[PDB]
Chemist: 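My questions all concern the structure below.
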Number of protein chains: 4
Amino acid sequence: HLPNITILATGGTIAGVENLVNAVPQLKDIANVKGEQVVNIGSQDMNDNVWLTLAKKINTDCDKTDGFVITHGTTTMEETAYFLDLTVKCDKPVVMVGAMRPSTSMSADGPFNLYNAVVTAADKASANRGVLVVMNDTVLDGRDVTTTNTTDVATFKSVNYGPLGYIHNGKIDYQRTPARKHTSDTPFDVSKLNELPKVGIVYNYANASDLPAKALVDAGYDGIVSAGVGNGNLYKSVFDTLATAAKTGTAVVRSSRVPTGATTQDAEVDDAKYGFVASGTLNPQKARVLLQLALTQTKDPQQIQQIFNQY
Amino acid sequence: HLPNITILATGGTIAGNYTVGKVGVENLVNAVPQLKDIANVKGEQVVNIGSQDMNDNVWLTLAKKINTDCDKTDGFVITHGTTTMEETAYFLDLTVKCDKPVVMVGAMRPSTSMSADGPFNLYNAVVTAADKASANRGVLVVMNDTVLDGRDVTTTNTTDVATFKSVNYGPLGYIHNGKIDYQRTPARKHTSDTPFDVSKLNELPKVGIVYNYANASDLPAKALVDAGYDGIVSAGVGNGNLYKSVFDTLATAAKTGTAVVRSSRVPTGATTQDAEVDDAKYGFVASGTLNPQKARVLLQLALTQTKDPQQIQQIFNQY
Amino acid sequence: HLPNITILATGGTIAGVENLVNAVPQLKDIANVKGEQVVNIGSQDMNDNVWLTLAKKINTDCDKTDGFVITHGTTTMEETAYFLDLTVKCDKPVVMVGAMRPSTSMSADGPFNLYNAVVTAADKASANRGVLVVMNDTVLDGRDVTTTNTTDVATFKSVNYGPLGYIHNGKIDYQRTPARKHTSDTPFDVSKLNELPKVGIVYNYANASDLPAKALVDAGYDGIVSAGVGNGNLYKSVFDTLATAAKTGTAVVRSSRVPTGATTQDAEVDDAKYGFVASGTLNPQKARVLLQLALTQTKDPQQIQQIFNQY
Amino acid sequence: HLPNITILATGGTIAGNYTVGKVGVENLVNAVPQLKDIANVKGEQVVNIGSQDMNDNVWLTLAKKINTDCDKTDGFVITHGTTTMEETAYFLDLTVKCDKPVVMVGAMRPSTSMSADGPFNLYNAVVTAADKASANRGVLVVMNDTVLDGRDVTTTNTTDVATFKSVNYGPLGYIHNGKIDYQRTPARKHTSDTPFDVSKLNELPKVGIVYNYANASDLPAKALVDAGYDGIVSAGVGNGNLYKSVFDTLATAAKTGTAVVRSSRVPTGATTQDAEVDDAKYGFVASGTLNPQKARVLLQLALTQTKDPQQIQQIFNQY
């Protein structure tokens, strides 16, 4: 008997969604595959609406299948994978997958990527590891996974703590598992939410303008993430505006433009004095995901920093 | 006789039996006696700010200083914080007309901490500035025993002493026992080969940076447009793509004469011309391998020469 | 009250062994530190004798202390760390540490490395993770840890599955733990052994000579590890000699000269037909360590391959 | 008109509506029709062996072939297995006298497998060989959309399609939409700049490779010495250090005229001269950034010109 695997498509086909078993016939060797098109967007236009639709669809469909494969554009797959990692309560494998080359282009990466994603979704050993991304023969956790290169087929890496397992000949040797709390160990429950808190991201650099930061504060954003320089440091005029945000009802999280390493609490900036949160290893777009969800439960920066310290 | 090397300091000491004085750079030199073995060192404290508050006016003061003092010394080392070094290095790479080595240096640990990186990093920067073979390679960054070109160099890790790398095209050479095996030189045009001359400039064109992500707000890109910014750099997703509403604001801006450069939040690889975005229809410029903060430096300088998007693209193709 | 930490020195001082608390006085803030010089060799001369002396000394001294820090030259620290990972039955932190710069050289890395190693040995959270290496603000597992660069202070990486935790301001955020069985979950017991099986390593390349391989076979080695090309492939004349070794009493393990990735069982070479074992992610010098210990229990290649599949 | 490019095949097809013939390289070309868009392609099957059984005689046949046929074509692509490509590429880098592009290519997946890398890799190798800007950069490796110099290129991962990298000095350029932005060229002397001429050679000097590790046996290094090998490369620990008993055998050998090169099992960085080992006392040569298999290629060729350890070191300093 082979596992039942639901492929949820968010966009264009990566090898329509009901044809994938004929476009990649090897799938019939490993699974009984059923396809649903949940939405159809370019990944560069991903949004909160699509996030909620997916977490609700997986949590509702958990009983109907043995595992999920989500097909998704590469540009924001790291964002969607972490949102799902925190909001999904289904304990069955959820595996995200995309393609750095078009399906019609030479040596297209989609077919094998889809095959390997199905392998991962079918593997008993894949349960209880949080939401996964499978790209380039590798199983990565939805928390640390990011894109490292604009075009490379091998772009997706877990740049801080590394991959969970490598896939060879339809087999996974898992050697690691994310200790950070995920899926049904989080208190984030989006079953009844139809919007998320307003969180924007502002960039730091030499002679940075406070205008982006002031635009979000004047819009009344619930949250702002700073893509800091070095260990989450802030250009003076940005630092001034955020200091104002934090004492007037905008949660402020210090992340980093630097691609690897933690932004560490009270090391470069007096977080306690300013009412700021340090993102740790969460890059600015991941720290947005968790800020949004922290803001569904609390606006107390000491409670948001504890959230940033276990999820 | 030993070469004459100037240290130009922009902030704190990265290193440090001697009396501490009021001048940071004078304590620095006493903190690293072995410098006497390789150079006649002279320090000047140009400014004293944290690198997280680096700005246009420090960039103008340094380029002008290096250009003015070129005949006075055999080389320059600049002590600089790590957070924005990659931006200042590229600025100086495009605007220095001196063909003597200009080497930037910093440290990821405090000078007081255990196993402070600053003292050795400074020694290796002076080694580099003293090497006749360092000349005509552009402005350089020397960190963790490695020579990095100012164009491609970036910080990869928030705390690692080894964070500085040329993430696309790799290092120029490695330093062992005070000697450099140079195997590489940047092909993009730099220093006396660029048309950018900052010698009479008081100020630089205004260029802001917007981030793209899921559900991105247009409000940062609108704020820059309403302030009438000369240029905006987009930190795009994947190969420079933009969120729909950010796209919409920047498409309108380009139409009314804002210069728009697509860069990427992705830490390696080119944002390539007309690939994910018809740059020709919109009047956008692709940044190449330049990261958002690096593309800002080139866009500011491009805008001193031209406001035409097609000439700006050819600039982003040559420098 | 502060933890009791035993520093075992194998060689020259990295900041004599009883002075380290005065050379790095910050240690008195985190631990009560006692030093023993177990042996004094250059790490390039490391050997089986020194291995057994250490595992016996730690297993015997486990009751007398809260944790161990071993000071060791960088050239073979990856070898000693895995030997100890497999042979130590003490459940208290054992942390290996060295220095890529001399203690007397400018910006010497030893002091902080020693401090951070003591931090790791003192951390409750460090128990039960196997034998650790702490280099360059990073906690790495003794299985995957290797040197990547001849001179860099940041050389030590876990190149396949990544680090366990990063150390900031005397604090570890552990986010990973090796799933491979270690310490008291292995059957390797060296308490009564005074030598180990004879295992040598032979290199593959274009026009490789069979002479190295034939020298080990004629010496009657218990084991040979091949540093294969690509996915553990063998130059014809090497392949011929090893095929002969395996059917006449020499266990043969296929590793790789390639610095990352597994040598995978029966993918490039018919392991079952030749009586060979595939090393997986174990590089040639690590696969030697585990072959030596597998050979203390069995000479059946199917039993050695199962050993290579869980340790 | 399109450039004329020769494919020289050494084994299996890396790619593959057509009739399959007995000649691998003829099936290869039919398997990648889009080649017609960029080149007039002509294939020759030079040899047919697995790359794990690469040898001196294939290296001699290829260099001689490229050198002989240089006037007949605009460029060369060599199809080669991945396991030893890095060795053949460097051999050809030192012995090709043709200054037209020579591009090596392979594939990490089977041509039959899903998402086979071979077809696109071959297209990108032909693109590279067809680019006038590829010339005078040495023998090249093109894999996963990247141009790598034959000196520094190596395989980093047993299975990854992205395994090939220039791990010390980085890539020469990246390929996007059939176009290469070259930002780098190898400074070490290659091709028509080396003194190695293989045109009359029937065979190469015998050079073996010994591994170092804890408790290393001397028996491999003794076997090579007793066979009277012209040279031995040591895969040292850290910065080329040797286990005591391996040291002992190689010290004795060097004394009786065996050439001894210290390389390292460590996958990046230089093995540096008189640093961890007094090379002057022992008559040893430091390999630099060359890995053991790369140092063997240069040592074999060094030994066609000289057996003096000091001249061999200067060769390891220049090529």
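Naming: A, B, ... by sequence-line order, numbering from 1 per chain.
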Chemist: Will you find, in the side chains of C:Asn149 and D:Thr268, an N or O donor that is under 3.5 Å from an N or O acceptor?
Modeler: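 Yes, a side-chain donor-acceptor pair sits under 3.5 Å.
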
Chemist: Taking atom NZ of D:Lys222 as the centre, does the number of heavy atoms from other residues, nucleotides or ligands within less than 6.0 Å exceed 12?
Modeler: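 No, because the 6.0 Å sphere around NZ of D:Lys222 holds 12 heavy atoms or fewer from other groups.
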
Chemist: Could you tell me whether C:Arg254 and C:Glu268 have a side-chain N and a carboxylate O separated by less than 4.0 Å?
Modeler: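 So C:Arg254 does not pair with C:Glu268 through a salt bridge.
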
Chemist: Taking atom CD of D:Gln305 as the centre, report whether more than 12 heavy atoms of other residues, nucleotides or ligands fall under 6.0 Å from it.
Modeler: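 Yes, CD of D:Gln305 has more than 12 neighbouring heavy atoms, counting only those of other groups under 6.0 Å.
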
Chemist: For residues B:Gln183 and D:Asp152, is any side-chain donor paired with an opposing acceptor at under 3.5 Å?
Modeler: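 Note: B:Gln183 and D:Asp152 side chains miss the donor-acceptor criterion.
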
Chemist: Ignoring hydrogens and geometry beyond distance, is a side-chain donor-acceptor pair present between D:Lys97 and D:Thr194 at under 3.5 Å?
Modeler: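 Looking only at side-chain atoms, D:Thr194 and D:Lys97 do form a donor-acceptor pair, the distance falling under 3.5 Å.
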
Chemist: Walk me through it: do D:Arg151 and D:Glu86 pass the test salt bridge (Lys or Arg N to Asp or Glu O under 4.0 Å)?
Modeler: CA-CA 8 Å; D:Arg151 192 184 195 269; D:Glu86 82 198 74; over 6 Å; no

Chemist: Kindly indicate whether a cation-pi arrangement holds for D:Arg137 with D:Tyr182, taking the cut-offs as under 6.0 Å to the six-membered ring centre and within 45° of the axis.
Modeler: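 That pair qualifies as a cation-pi contact.
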
Chemist: Enter the distance from D:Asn291:CG to D:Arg296:CZ here, rounded to the nearest 0.5 Å.
Modeler: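 So the CG of D:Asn291 and the CZ of D:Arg296 are separated by 12.5 Å.
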
Chemist: Are side-chain N/O atoms of C:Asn231 and C:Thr264 paired as donor and acceptor at under 3.5 Å?
Modeler: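 Yes - a donor-acceptor pair under 3.5 Å links their side chains.
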
Chemist: Output every pair passing salt bridge (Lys or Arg N to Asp or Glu O under 4.0 Å) with a member in residues 193-209 of chain D, not counting sequence neighbours, ordered by first then second residue.
Modeler: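 For residues 193-209 of chain D: none.
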
Chemist: When rounded to the nearest 0.5 angstrom, what distance separates CD1 in D:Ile209 from OG in D:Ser234?
Modeler: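 So the CD1 of D:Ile209 and the OG of D:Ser234 are separated by 10.0 Å.
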
Chemist: Distance check, rounded to the nearest 0.5 Å: D:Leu140 atom CG versus D:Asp93 atom CG?
Modeler: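 Answer rounded to 0.5 Å: 8.0 Å.
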
Chemist: For the residue pair C:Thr76 and D:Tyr243, confirm or rule out a side-chain donor-acceptor distance under 3.5 Å.
Modeler: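 There is no such pair between these side chains.
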
Chemist: Which atoms form the tightest heavy-atom contact between D:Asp149 and D:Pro186, and what is the distance?
Modeler: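 Reported closest heavy-atom pair: CB-CG, 3.8 Å.
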
Chemist: Between D:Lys72 and D:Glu44, is there a salt bridge with N-O shorter than 4.0 Å?
Modeler: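 Judged by the 4.0 Å cut-off on N to carboxylate O distance, D:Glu44 and D:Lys72 do not form a salt bridge.
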
Chemist: Quick one about D:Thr10 and D:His80 (side-chain donor to acceptor, distance below 3.5 Å, no hydrogens or angles considered), yes or no?
Modeler: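 Judged by distance alone, the side chains do not pair up.
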
Chemist: Find the distance between CG (D:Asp226) and CG (C:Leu211) and round it off to the nearest 0.5 Å.
Modeler: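 Between D:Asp226 CG and C:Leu211 CG, I get 9.0 Å after rounding to 0.5 Å.
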
